[PDB]
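Trainee: Following this message is one structure expressed as C-alpha cells.
Protein chains: 4
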Amino acid sequence: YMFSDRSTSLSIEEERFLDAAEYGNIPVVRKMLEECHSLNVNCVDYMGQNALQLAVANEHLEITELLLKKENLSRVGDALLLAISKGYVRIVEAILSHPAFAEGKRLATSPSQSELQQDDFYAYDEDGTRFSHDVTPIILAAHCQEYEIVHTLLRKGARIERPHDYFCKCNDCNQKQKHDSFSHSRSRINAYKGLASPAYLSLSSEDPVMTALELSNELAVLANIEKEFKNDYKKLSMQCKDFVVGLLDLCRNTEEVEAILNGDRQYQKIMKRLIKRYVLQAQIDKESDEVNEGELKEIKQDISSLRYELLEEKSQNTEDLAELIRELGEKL
Amino acid sequence: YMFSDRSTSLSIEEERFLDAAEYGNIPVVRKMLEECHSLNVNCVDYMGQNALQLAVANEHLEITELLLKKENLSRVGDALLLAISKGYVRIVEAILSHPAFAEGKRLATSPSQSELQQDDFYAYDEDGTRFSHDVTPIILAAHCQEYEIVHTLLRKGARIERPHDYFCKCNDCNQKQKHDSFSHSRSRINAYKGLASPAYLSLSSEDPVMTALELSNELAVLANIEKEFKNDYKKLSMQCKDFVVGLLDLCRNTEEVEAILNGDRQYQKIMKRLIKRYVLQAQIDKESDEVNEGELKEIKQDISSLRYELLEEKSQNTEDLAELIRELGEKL
Amino acid sequence: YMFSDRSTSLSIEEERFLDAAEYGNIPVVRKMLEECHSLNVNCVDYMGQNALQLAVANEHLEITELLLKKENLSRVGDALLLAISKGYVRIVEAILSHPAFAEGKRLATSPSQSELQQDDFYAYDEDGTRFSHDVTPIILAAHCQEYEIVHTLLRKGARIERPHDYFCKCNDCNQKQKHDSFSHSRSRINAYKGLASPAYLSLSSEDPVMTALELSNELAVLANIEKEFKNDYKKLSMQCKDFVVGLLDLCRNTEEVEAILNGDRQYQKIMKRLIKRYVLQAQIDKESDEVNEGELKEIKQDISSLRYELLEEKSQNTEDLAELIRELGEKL
Amino acid sequence: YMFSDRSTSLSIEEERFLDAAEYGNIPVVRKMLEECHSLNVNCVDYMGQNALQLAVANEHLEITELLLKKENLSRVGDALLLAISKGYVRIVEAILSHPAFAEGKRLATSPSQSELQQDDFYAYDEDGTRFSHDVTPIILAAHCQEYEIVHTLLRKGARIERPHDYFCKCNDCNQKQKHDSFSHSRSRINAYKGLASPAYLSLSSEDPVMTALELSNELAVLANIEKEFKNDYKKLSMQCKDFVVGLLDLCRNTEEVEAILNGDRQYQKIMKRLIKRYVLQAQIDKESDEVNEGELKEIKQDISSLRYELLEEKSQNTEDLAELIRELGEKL
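These protein sequences, in sequence, are chains L, Y, B and R.
Those letters in the first sequence? Residues 2 to 333, by my numbering.
Those letters in the second sequence? Residues 2 to 333, by my numbering.
Those letters in the third sequence? Residues 2 to 333, by my numbering.
Those letters in the fourth sequence? Residues 2 to 333, by my numbering.
Structure representation (C-alpha cells):
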C-alpha cells in the first residue's frame, strides 16, 4: 500500500553513493566513481531523482563538475532547469559546458519542438517534466528574474520567441490548440510572463522603453480579448508599466529624464547607462529581500561539504606521509 | 528553595562530558568514552537530559553515532522523538539503526500498548513523556509534516491506526475512557491530526483523493457530533479540502484535471505522477518559509563542531608526526 | 570639534591587539600577550571599550578565556553584564570562574550596596554603568528571559530581593528616595520586572502558581496606587496571569489540571513535572522567533575566528615541521 | 541585438581571474598576479565591473588588500563608495590606506569640485558615477547610517559642508543652478539628508541637541519655502526631532534630563556620556533588525573563501613536504 518510486530495493553501493551525493561528500564520490565499475550512476533515490539532481538541489559545485566528467549521465537538462529555478550561478555555468549544450542546440529552440516532438531531454522520472513543456531555460530564468543567468543564456544566443496571434490559423498553432486547450493557454501565458520580465526586457533589446510599452499595449489587448487568465495578462502589463516607471525614477540628470520622455549615438549611450543603473538597483533590491529557509539549507550543506573535504584531506595526508616516514623507520 | 533536577552534584568528568556533548566536541567524547571506565553515560544535565538528548537537540550526527555505538544507553526513544520533532533527517536514520528499532517493534505499535501498558520506552526524567502517550513517531512526523521522515517510517512498516468510533463499546475503549476523559479526547484529536496531514495522505494511500474526501466527511461528522474540540475537528477537514484543492491546482494537462475530477492502469500512473508533483511543490513551499532562530542555532553548533574537529585533528597530527621525526633526530 | 573618547592616539601595538580582539584572531592575541611586556591590556577603542568588552560583544569564547587568564584586567563585571544582555551562555559560565565572582560576592548583593556605595565594579568608561545602578546580573537575566543563565546565577546563590513598600519609612529607602525620585522609581519597576519574569518565577520558587498570583495581586495594587508608570505595573501583572494561564494550558492529564486549580508529596512531583514542561515549551517558542541581525553577526565572527585559527595553525605546522626536516637535509 | 558592456570577448586568463575575484579564491589570484605579466588587472566582467569591485561587492578582505598592493589599479574610489554603501568596515579601513586617500585629498572635498570639475575619480564604466556627483564618502556613510565608518571618515578630517541659501546669488551656485535644476535640488536634499543623520549629528558636533534643533528649524523653513521635495524636507526635520526625543528617552538620572532640557565642564561630561549611550543603543537597535539576503550572501562567500584557502594550503603543504621527503627517499 506504500507509495515508492524506486521499485527495486537499493544496494549498499547506491545507498552510500546517493547519501554522499546528497550531502556533498566529495572524496568518497571520487572513490566510488573510480574503484567501482558496477556502479550505475543513473540510480535514483526514494523520490526518483538522480545523483546529479540531488547534487544540484543542494548546491555542491565540485561533485557536479565531477559527475559531468562522466559520460553515461542522464537528466542533465532537468538539472539545468533545477539550477536555474533555484538560481545557482556557478552550477549553471558548469552545466552549460556539457556537450549537449555545446552549440546552444537545446537551450531555447523552437525549430526543435519540445512540446510537439518527444525530445525527452528535459525530463525526470521518465514520465514528465518538472515544469510545462513550453518552459525552456531562458523562460524559467525570466520567471525567476535572475540577471546573470539571463545574460549567460543570452550570450549563448538563445532568445524567447514571441507567441503567435490569438487566432493565427497556421496548422501548427491549430494543432497545438486542438491537442490541448489548457496547455496551450498556459504556454501562452508562460511565454508572455517570460517576455514581460524586467530581466529579459533589460538585457534583450536595444530600446527597452519602446519594447516595454509595445508589450504593455499588446498585453492589455490580449487581456481584454482573452477570457481565460483575464487578470494576469493585465498584471504583466502593469509590470511593464512598473518597469518603465522604475527607469524614469532611476534618472539623475534632466538629460536622462528628457532622453526617456522623448526617446530620440547619444541616446544609445544614455540608454546603455540607464540599463546598467537599473540592473544594479534591482540587484540591490533583490539582495534586500527577507531570508527564506533554502539559503540556510545551502549554507549548512556547504559547511558539511567543507567538513568532509578537510577531514578526509588531512586523513589521506597523514597516511600518505606516514607511509613515507615508515619506509625510513624500517630502512634505517 | 532552588529548583534543581539533578539532586546529586555533578563530577568534573560528567561536566566535561556533558559540555562536550552539548557543543559537539567529538574527539574529547571519544577520549572520555575510551579511557574513562567510571563514566556513567546515563548522566543528566541541570535540566535532567541525557548526553544523547543533548547531542540530538543540537544536531551533532557524529557523536550520536558514537553514543549509539555504546550499549548501556537509555532514553533512545525520546531521542528519536526529539529528532523527529525538530526534523533532523540523518539523526533519525541513524537512530533507527539501533537494535531497539530493528524489526519496527517500537515505532507505531498498538498491540504493544503505549498508554495502557507501562512500556517506559519513550520517556525522559523517569516520570513522563515529552508528548502524549498516544504520540508515536509517525504521528509526530505527520504533525511536524516532514516528508522524508514519514517515508522512512513508512518503509519500516509503521502506520497510523484509525481511532475507534465515538461510542465503540469495546472494553479497551471503555477502559481508556474511564481512566481519563481529557487524555482520551487528546489522543483522538492527535491521531486524527496525524491522519489528516498532507504527508501521511500523500505517502500512505493509493488513491489519496478518495481517502482525503472520506476523512474530510468523517471529520465533519465527528466535528458536529463531539462538543470538545468542536472547531479543530473542522479545521482538519478544511485541511483535507485544502489538500484536494492543492492537488487540483497542481494539474497541468486537462487529462490530469479529468483524472482528479473523475477518479476512474492509467489512473494509477497519473496519480503517481501527481503525488510526486505535490510532494516536490510542498517541499519548495516549506523551503520558502521565513527563518526561525533554531536553524541558526544548528548552524552555529555545526560550526563549533567543525572547529573542534579540525583543531584537535591537526594537533594530534603534529604530535603523531613529530614523534616519528623525533625518533629520527635522536637516532641519527 | 570631533567627538572622540580615547584622547590619546592609539599605538600600533594597541591597534593590532584591538582589531585582533574585535575579530577573534586568537593566535596573534596569544603572541601579543606573551612577547609584548609593554602592552597595556586596559587599552580602549575609539568608543572607549576594553579588549574584553570587544571580545565578549562578538562572541569569541577562546580569547575571553585567554584574557581572563590575565590578572590586570578591568571592567569584568560589565563584560558579564554584556554577555548576559546578549545571552552568550559559555561566555557567562567562563566569566563566572573569575576570582571576583568566586563566592558570589558581586552577583546580586544588597548588603554591598551598588547604588549607594560607589563600588565601581559594574562600570565602563569610568563614568557610568551600561544599565541602571539597581540592575544586577540576575535582574538583567530575568529581563532578557534566558533560562540557562538564570539557573546558573541561581546555583551561585544569588536571588532578587523584593523591593520595599510604597512608603517604607526606613531611612535607607527615604535616603534613596530623597537623592533621586526618577532613579528610585526606575529601580522599583526594574526589580518588579525582574520578579515577574517567567524565568525567575519558574526557577526560583517551589510553588510557582502561588508566587505568581501573589505577585500579580501585589503588582495590581502598586499599579492603581502609584501614578508614575501606572500602566507598566499592570502589564507585569498581565504577564503573571499569562504565566499561570500558560501553566494551565500545558497540562495533559486531568490530574495536572486539578493539581493546578486546587494547589493541594504528590503535588511537589506534579509541579516539578509541569515546571520542566513549561521551561522546554518556552525554550522552543524562544527558538521559534524570527531572526535578527546580531545572530548572523555572531556567525560571521565565528567563521572569521575559525579562518584565523586554521590558517595560522597550518602555517605554524609547516614551519615547525620543515625546520625538523631541514635539520635532516643539512645533516645527511 | 544583445546588451553587452564588454565589447571585447574575454580571454581565459581574465575569465579565471574574474571568477576567482568574484568567489574569493585567494591563492590562484596570488598565482595570477605573480606569474602572469600579460594580465590586465583593469579587466571588466560581463556587467563592466573591475576585479576590485567584484572583490569588494562580495566582502573578500584578503584579495582586496592583495589588489591594493598593485599600483595600476583603477576605480578605487567607487570601490570605497560600494564598501561604504554595503557597510564593510575592514574593507573601508583597508581601502583608506591607498595612496589616493593619504592626506584625505579625495574624501569630502569641496575646494576640489567633484560635480563641476571632471575629477573622474569616483567612477565606474568610464561614463558615470554609482551615485550622484554630490555624493561623497561621508555623505553616503551618513545615508547608510553606519557609525564606525562615519567615525573613521571624521578622523580623516572630512566633514559635510552645509549647502548654500535657497538664493545665494554667488556665481558658483548660480552656475550650478543654471547647468541643471533637478541635479541641484537632488544635491541639496542629499546633503541635507547627510546633515540630518543621527550618525553625523552624534559624532560631528559638540552640542548635538543644539545642532539638531537648529537643523530641524532650518529644514522646516526650507520645507515650507521650497516646493520640490516639499515633504522630504519635513521628514528630515521629523528625524531631527526623533533624534532629540531619543536623547531625552535614554536619560537615566534626573540630572541628565535637566542637562538636556536646560543645555547649560559638567555639561560637556554629561553630553559625552549621553552621546555614547545613544550610540550603543542605536547600534543594538540596528543589530535587532530583520535579516536580508545580502548578509547570507556574505556568509556563503566567506565560507567558499575559507574552503579555497584551506584546500590549496593543505595541497601546497603536502607537495612542499613530500618533495623534501622524496629528496631523502632518493638520497638514502
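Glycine included, every Cβ here is placed at the ideal spot set by N, Cα and C.
(1) Closer than 6 Å by C-beta to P28 of chain L: which residues in its own chain qualify, once you throw out the five before and the five after it? Chain order, please.
(2) Are the region 166 to 177 of chain B and the region 194 to 212 of chain B touching, with three or more C-beta to C-beta distances below 8 Å?
(3) Taking a Cβ distance cut-off of 7 Å, strictly less, list which residues of the region 251 to 269 of chain Y are near chain L, in chain order.
(4) Is the beta carbon of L307 of chain L less than 7 Å from the beta carbon of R308 of chain R?
(5) Name the chain R residues that come within less than 8 Å of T319 of chain B, Cβ to Cβ?
(6) On the DSSP bridge list, what partners appear for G129 of chain B?
(7) Of all the options B:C241, B:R107, B:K87 and B:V30, which has the alpha carbon lying nearest to the alpha carbon of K70 of chain B?
(8) Following the continuous alpha helix (DSSP H) through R163 of chain R, name the residue where it begins and the one where it ends.
(9) Which of the three DSSP states, helix, strand or coil, is assigned to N26 of chain Y?
(10) Could you check what DSSP says for residue 1 of chain Y in three-state terms: helix, strand or coil?
(11) Using the Cα positions of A142 of chain L and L108 of chain L, report the straight-line distance between them to the nearest angstrom.
(12) Using a C-beta to C-beta distance shorter than 9 Å, which residues of chain Y count as neighbours of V292 of chain L?
(13) Taking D286 of chain R as the reference, which of R:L297, R:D321 and R:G247 has the closest Cα?
(14) Alpha carbon to alpha carbon, what distance is there between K315 of chain B and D321 of chain Y?
(15) Quick test of your reading: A56 of chain B and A22 of chain B, contact by CB under 8 Å. State the CB separation rounded to the nearest angstrom.
(16) Taking just the CA atoms, how far does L249 of chain R sit from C241 of chain R?
(17) Quick one: measure Cβ to Cβ for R76 of chain R and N59 of chain R, integer angstroms, because I've assumed they're closer than 8 Å.
(18) Do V222 of chain L and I150 of chain L have their C-beta atoms within less than 7 Å of each other?
(19) Can you tell me the Cα-Cα spacing of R131 of chain L and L154 of chain L, whole angstroms?
(20) Anything in the region 60 to 74 of chain B with a Cβ closer than 8 Å to a Cβ of chain Y? List those residues in chain order, please.
(21) Around the C-beta of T9 of chain Y, are 16 or more other C-beta atoms found within 10 angstroms, so that it is buried, or is it exposed?
(22) Note down, one range per segment and in chain order, each alpha helix (DSSP H) of at least 4 residues found wholly within the region 225 to 308 of chain R.
(23) Quick one: is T255 of chain R buried, meaning 16 or more other Cβ sit within 10 Å of its Cβ, or exposed?
(24) If you draw a straight line from the alpha carbon of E229 of chain Y to that of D181 of chain Y, how long is it in whole angstroms?
(25) Throw me the rounded Cβ distance for the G88 of chain R and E147 of chain R pair, which I believe falls under 8 Å.
(26) Three-state secondary structure (DSSP) at residue 1 of chain B?
(27) Using the three-state DSSP reduction, which class does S205 of chain B fall into: helix, strand or coil?
(28) Tell me the DSSP secondary structure of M33 of chain L in three-state form.
(29) Tell me whether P199 of chain B sits in a helix, a strand or coil according to DSSP, three-state version.
(30) Determine the burial state of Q54 of chain Y: buried for a count of at least 16 other Cβ atoms within 10 Å of its Cβ, exposed for fewer.
(31) Which residue's Cα is closest to the Cα of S184 of chain B: R:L214, R:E215 and R:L251?
(32) With a threshold of 16 other CB atoms inside 10 Å of the CB of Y234 of chain R, please say whether the residue is buried or exposed.
(33) Between the Cα of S5 of chain R and those of L:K273, L:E291 and L:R278, spot the shortest distance and give me the residue it belongs to.
(34) Assuming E288 of chain R and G25 of chain B are in contact, meaning their beta carbons sit under 8 Å apart, how far apart are those beta carbons, in whole angstroms?
(35) Going by C-alpha to C-alpha distance, which of R:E162, R:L117, R:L97 and R:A224 sits closest to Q176 of chain R?
(36) Along the chain, where does the alpha helix (DSSP H) that runs through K87 of chain R open and close?
Mentor: With the given structure in hand:
(1) Mapped onto the first sequence, residue 28 of chain L falls at position 27. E313.
(2) no
(3) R253, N254 and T255
(4) Taking the first residue of the first sequence as 1, we reach residue 307 of chain L at position 306. Taking the first residue of the fourth sequence as 1, we reach residue 308 of chain R at position 307. Yes. Within cutoff.
(5) What you label residue 319 of chain B is simply residue 318 of the third sequence in a count that begins at 1. Near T319 of chain B (Cβ distances below 8 Å), the residues of chain R are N318, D321 and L322.
(6) As a working mapping, residue 129 of chain B is identified with position 128 in the third sequence. Answer is B:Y125, bridged to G129 of chain B.
(7) The count along the third sequence starts at 1 and reaches residue 70 of chain B at position 69. Checking every option, the nearest Cα to that of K70 of chain B belongs to B:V30.
(8) Within the fourth sequence, the letter at position 162 stands for residue 163 of chain R. From DSSP, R163 of chain R is part of no alpha helix (DSSP H); its letter is neither H nor E.
(9) Here residue 26 of chain Y refers to the residue found at position 25 of the second sequence. Here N26 of chain Y sits in coil by DSSP.
(10) Past the edges of chain Y, shown from 2 to 333, lies residue 1 of chain Y, and the structure says nothing about it.
(11) The residue you call residue 142 of chain L lines up with position 141 of the first sequence. The residue you call residue 108 of chain L lines up with position 107 of the first sequence. Roughly 11 Å separates the two Cα atoms.
(12) By one-based count along the first sequence, residue 292 of chain L stands at place 291. Those within 9 Å of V292 of chain L in chain Y are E291 and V292.
(13) By one-based count along the fourth sequence, residue 286 of chain R stands at place 285. Selected option, being the one with the closest Cα: R:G247.
(14) Taking the second sequence and counting its residues from 1, one reaches residue 321 of chain Y at position 320. Taking the third sequence and counting its residues from 1, one reaches residue 315 of chain B at position 314. Looking at the two C-alpha atoms, the distance is approximately 15 Å.
(15) Here residue 56 of chain B refers to the residue found at position 55 of the third sequence. Here residue 22 of chain B refers to the residue found at position 21 of the third sequence. Between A22 of chain B and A56 of chain B the Cβ distance is about 5 Å, and since that is below 8 Å, they are a contact.
(16) Mapped onto the fourth sequence, residue 241 of chain R falls at position 240. Mapped onto the fourth sequence, residue 249 of chain R falls at position 248. Cα to Cα, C241 of chain R sits roughly 12 Å from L249 of chain R.
(17) Counted from its first residue, the fourth sequence places residue 76 of chain R at position 75. Counted from its first residue, the fourth sequence places residue 59 of chain R at position 58. Between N59 of chain R and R76 of chain R the Cβ distance is about 16 Å, and since that is not below 8 Å, they are no contact.
(18) Mapped onto the first sequence, residue 222 of chain L falls at position 221. Mapped onto the first sequence, residue 150 of chain L falls at position 149. Not a contact, by the Cβ cut-off of 7 Å.
(19) Here residue 131 of chain L refers to the residue found at position 130 of the first sequence. Here residue 154 of chain L refers to the residue found at position 153 of the first sequence. One C-alpha to the other measures close to 19 Å.
(20) none
(21) In the second sequence, the residue the question calls residue 9 of chain Y occupies position 8. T9 of chain Y comes out exposed.
(22) 233 to 250, 255 to 263 and 267 to 287
(23) Position 254 of the fourth sequence, counting from 1, holds the residue named residue 255 of chain R. By the 10 Å Cβ count, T255 of chain R comes out exposed.
(24) As a position in the second sequence, residue 229 of chain Y is number 228, starting the count at 1. As a position in the second sequence, residue 181 of chain Y is number 180, starting the count at 1. Distance between the alpha carbons of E229 of chain Y and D181 of chain Y: 14 Å.
(25) The residue you call residue 88 of chain R lines up with position 87 of the fourth sequence. The residue you call residue 147 of chain R lines up with position 146 of the fourth sequence. Yes, they are in contact, since the Cβ atoms of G88 of chain R and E147 of chain R sit about 5 Å apart, within 8 Å.
(26) With chain B covering only 2 through 333, there is no way to say anything about residue 1 of chain B.
(27) Your numbering for residue 205 of chain B matches position 204 in the third sequence. Here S205 of chain B sits in helix by DSSP.
(28) Indexing the first sequence from 1 puts residue 33 of chain L at position 32. Three-state result, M33 of chain L: helix.
(29) Taking the first residue of the third sequence as position 1, residue 199 of chain B is located at position 198. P199 of chain B: helix per DSSP, three-state reduction.
(30) For this step, residue 54 of chain Y is matched to residue 53 along the second sequence. Classification of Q54 of chain Y: buried, given that the 10 Å Cβ count is 16 or more.
(31) Working through the third sequence from its first residue, we reach residue 184 of chain B at position 183. Cα-wise, what sits closest to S184 of chain B is R:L251.
(32) Here the question's residue 234 of chain R lines up with position 233 in the fourth sequence. That one is buried.
(33) Start at 1 with the first residue of the fourth sequence, and residue 5 of chain R comes out as number 4. The shortest C-alpha separation from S5 of chain R is found at L:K273.
(34) As a working note, residue 288 of chain R is residue 287 in the fourth sequence. As a working note, residue 25 of chain B is residue 24 in the third sequence. The pair is not a contact, with the Cβ atoms about 17 Å apart (cut-off 8 Å).
(35) Locating residue 176 of chain R in the fourth sequence gives position 175, counting from the first residue. When only C-alpha atoms are compared, the closest one is R:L117.
(36) In the fourth sequence, counting from the first residue as 1, residue 87 of chain R sits at position 86. Counting along the chain, the alpha helix (DSSP H) containing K87 of chain R begins and ends at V77 to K87.
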